[PDB]
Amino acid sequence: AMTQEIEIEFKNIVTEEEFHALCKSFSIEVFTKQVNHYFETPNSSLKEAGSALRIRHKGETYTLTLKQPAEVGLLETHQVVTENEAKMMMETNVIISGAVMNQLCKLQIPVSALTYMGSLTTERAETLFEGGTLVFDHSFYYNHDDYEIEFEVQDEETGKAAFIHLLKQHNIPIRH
């Protein structure tokens, strides 16, 4: 129901052609839809604290997730909520109690100001690779859609060298 973890993320923007080629190299054919419902204050408090708050709806699950700065990478706090809980946070200015609330209070985020600001859809596939999780995302934003490759690892040094070598292996330039 609730988990925390420290995660380090690398990300690279790729063309469709690069994306398809990399998918083919890893036998990625099926993608899973997810929708991210994001929150912020009118003053952008969370962005100011290098942090992000969202409810992810993926298959049957809603997960309230906070990402904040760690000494390196991010401290993630995840809390599975009900559909009714998720709807309530989107409709009204209440955040459910529990671990995410507790972290937001330590961050000194004016919790009552948090408002549901928007949403976006991602078609996602993951594979385990080297020190971590290689993620293939195709996301649909307001104006445009992107292809992205992410790599989530627990060891920064080796994770970074591994991601960079994978990109060079496939002739994909670094685009941050």
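The first residue of the shown sequence is 1; numbering continues from there.
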Mean C-alpha B factor from the entry: is it higher for 60-68 or for 106-114?
106-114
Would you determine, from the values in the PDB entry, which of 33-41 and 142-150 has the greater average C-alpha temperature factor?
142-150
Chain third (lowest, middle, highest) by recorded CA B-factor, residue given as residue 166
lowest
Please rank the C-alpha B-factors of the chain's modelled residues and tell me whether residue 126 sits in the lowest, middle or highest third.
middle
Lowest, middle or highest third of the chain for the C-alpha temperature factor of residue 51?
middle
Taking the chain's C-alpha temperature factors as the reference, tell me which third residue 82 falls into: lowest, middle or highest.
middle
Residue 100 - which third its CA temperature factor falls in, relative to the rest of the chain:
lowest
